[PDB]
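Below you will find one chain, with nothing else, as C-alpha cells; this is the form deposited in one PDB entry, and questions on how it binds or moves follow later.
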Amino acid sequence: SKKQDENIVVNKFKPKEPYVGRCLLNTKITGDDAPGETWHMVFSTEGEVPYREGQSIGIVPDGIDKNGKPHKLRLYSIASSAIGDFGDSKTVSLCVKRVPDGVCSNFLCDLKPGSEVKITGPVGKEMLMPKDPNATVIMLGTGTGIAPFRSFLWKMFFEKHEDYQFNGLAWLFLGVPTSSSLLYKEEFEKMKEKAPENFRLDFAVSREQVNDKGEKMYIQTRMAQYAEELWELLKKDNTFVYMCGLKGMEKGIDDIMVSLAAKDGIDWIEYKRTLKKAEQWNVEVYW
C-alpha cells in the first residue's frame, strides 16, 4: 500500500496471555497548573512487541471488575518510534491523560518504575506512516492525539534511516486548552529548528489564544489561518492527512472543510470518503 505495511505485526499478544513488560520511566509532562495531567511513561519490551509508527498497544490494568473478572484492555497510541526513546528497539512509550474515575488511565500514571505492566497487541492498521519519503504528511492532533505524531516525527527527524530519508513536508497542528497542557513542545521546537524547510508547526491553545474575529483558538481555528493553502495541498496525490485525539475534534475540522469544499462545489462528506478510500485521510479519535 501507500503506507508502511511491509509484513506488519498486529495481535502478537492477546488479553489472555499478554506480554508482561516493566515500567522504566513515568514522568508527568503537563505543568502543575494544567487542567488535568498527562504522563509519559516508558516500558521494557526487550524487542518482543514488533510495533510500528502509528500502531497502538493494549494495557490490561491490574484489578477486578464488578462481576469478579479481570479488566478489559484499553488501547493507547504508541508515543515512541519503532526504535523507541532509547534507540535500542527494546522499549515502548505512551502518553496517558489521567481521567477521573478511570481504571486504566489512573493505573498507568500511578505506575512506579519496576512495577510490571500487562501489554497486548500491537494493534493498528490505519495510522501507519506513508511509504513516500517526499510525501506531505499533515498531522492533526489534540492532547493525547500527539502520541502517533511524536512516533512519526521521531522517525522523520530524530533518526538516521537509509530506507527512509524524509524530505517532504511534515505539518503538525496540536490543540490543547492551556500552554501547561502542551505535550512535547520542546521536541517539536528542536525539530522545526533542525528541519526548517521540511517541518511546519502550529499550536492551538483554546483557553489562551484567540483569532482575528476573537474566537477561541481550537485546532480547526488555527487550521483556518492556512485554509486556502491546506485545501490546495489536500488536492495533491502525495498528501496524507492524519487525525488523532479526542472524539469531539472531528466535528470542528469537518465544519471548516465543509465551507472550503462548498466554494469549489464539492460536498466534503463525499470528498473525505474518496480521500479515506485513497488512504490520504486517516482518523483515529476516542471518547
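Each residue number is its position in the shown sequence, starting from 1.
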Legend entry - Higher-B stretch (mean Cα B-factor, as the entry records it), 67-75 or 201-209: 67-75
Inset, instruction - Pick between 140-148 and 114-122: the one whose mean CA B-factor in the entry is higher. - result: 114-122
Inset, instruction - Determine which member of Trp154, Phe86, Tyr184, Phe173 has the highest CA B-factor, using the values in the deposited entry. - result: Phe86
Legend entry - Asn106 by Cα B-factor - lowest, middle or highest third of the modelled chain: middle
Inset, instruction - Rank-wise, by C-alpha B-factor, drop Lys131 into the lowest, middle or highest third of its chain. - result: middle
Legend entry - Third of the chain's Cα B-factor distribution that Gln165 belongs to, per the entry: highest
Inset, instruction - Would you mind ranking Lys192 by its C-alpha B-factor against the rest of the chain and naming the third, lowest, middle or highest? - result: middle
Legend entry - Ranked against its chain, the third holding the CA B-factor of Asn7: highest
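Beyond the structure shown, there is the form deposited with a partner chain bound, which is absent from this document and is the topic of what follows.
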Inset, instruction - Could you work out which of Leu275, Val10, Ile266, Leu25 is the residue within 4.5 angstroms of the partner chain in the entry with it bound, going by heavy atoms? - result: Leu25
Inset, instruction - Have a look at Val99, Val123, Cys109, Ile83 for me and say which one sits with a heavy atom within 4.5 Å of the partner chain in the entry with it bound. - result: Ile83
Inset, instruction - Give a yes or no on whether every one of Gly87, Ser179 and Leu182 sits within 4.5 angstroms of the partner chain in the entry with it bound by heavy atom. - result: yes
Legend entry - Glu186, heavy atom within 4.5 angstroms of the partner chain in the entry with it bound: yes
Inset, instruction - Give a yes/no on whether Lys131 approaches the partner chain to within 4.5 Å in the entry with it bound, heavy atoms considered. - result: no
Legend entry - Distance check, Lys72 to the partner chain in the entry with it bound, heavy atom within 4.5 Å: no
Legend entry - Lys190, heavy atom within 4.5 angstroms of the partner chain in the entry with it bound: yes
Inset, instruction - Work out which of the listed stretches, 60-68, 27-35, 227-235, 251-259, brings a heavy atom within 4.5 angstroms of the partner chain in the entry with it bound. - result: 27-35
